[PDB]
């Protein structure tokens, strides 16, 4: 049959920005249908409510098997509000956030919602003297490349593909809701990379990515001297740029061996697989 879900996006995150598209890359999955609503970058308690009310507003006629909320710091005012509104609705919800979301990690099991906490999806150096729109874009391009090439996006894809199957089974229980925490070590469980050094390079990429957070936090919430915080947050961007280079390096190693894992979606939604370039998705 056909499964449906709603995506609410407040504020920006590398994972939230891509989460719904990781489910139907070519737009040929006839077995799903999604809606996307949000308040852009804004994520204060007010805008959040309005967004979740905009999702509950259309879920009435849309009737989503599950709703997903994606944004930074799920333990902050704005996002906290939205955890409430979704925990108390006739819809199974999933909250996708970053590392600060480990604070309210217990509280999320309580509210009965699923979650995808990406640690390497670090906050960017948000300081007016440094972060303008373009810098903002450049940083996201480097983070997108590290989360994709290291195989973290695969984890999110497969997590929302294993749910979309239980959604067609007309049985979405809280035991079916994912409870994930993505980090460098997560790659130690997969078989993503055939070349071991590629895994080690992807691991290093994610380690660096996770570290970008502390640098951005310090420069934005701790250092108050212009002469010190501008360079600090900028150094957080230089780090992520390198993590992106490491990610690319990992991918190229897999190209040298012709083992680049590829798992596309069949028109009916079933996840295929392949390693060799001219292999034809199995």
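Under this definition, the rigid core comprises the largest set of C-alpha atoms superposing within 1.5 Å between the forms. Positions refer to the first chain, counted from 1.
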**Asked** in 6 other deposited structures of this protein, superposed on the rigid core, which stretch sits farther off in Cα RMS terms, 165-173 or 203-211?
**Response** 165-173
**110-118 or 179-187, whichever carries the higher mean Cα B-factor** = 110-118
**Prompt:** Do the CA atoms of 165-173 or those of 193-201 have the higher mean B-factor in the entry?
**Reply:** 165-173
**Member of 59, 236, 243, 222 with the greatest C-alpha B factor (per the PDB record)** = 59
**Prompt:** Of the options 98, 88, 135, 207, which has the highest CA B factor as deposited?
**Reply:** 88
**Fill in**
Entry-reported C-alpha B-factor of residue 231 relative to its chain, by third, is lowest
**Asked** residue 141's Cα B-factor: lowest, middle or highest third of the chain?
**Response** lowest
**Message:** Could you place residue 249 in the lowest, middle or highest third of its chain by Cα temperature factor, using the values in the record?
**Reply:** lowest
**Request:** Looking at the entry's B-factor column for C-alpha atoms only, identify whether residue 83 ranks in the lowest, middle or highest third of its chain.
**Result:** highest
**Request:** Just say lowest, middle or highest third for the CA B-factor of residue 213 relative to the other modelled residues in its chain.
**Result:** lowest
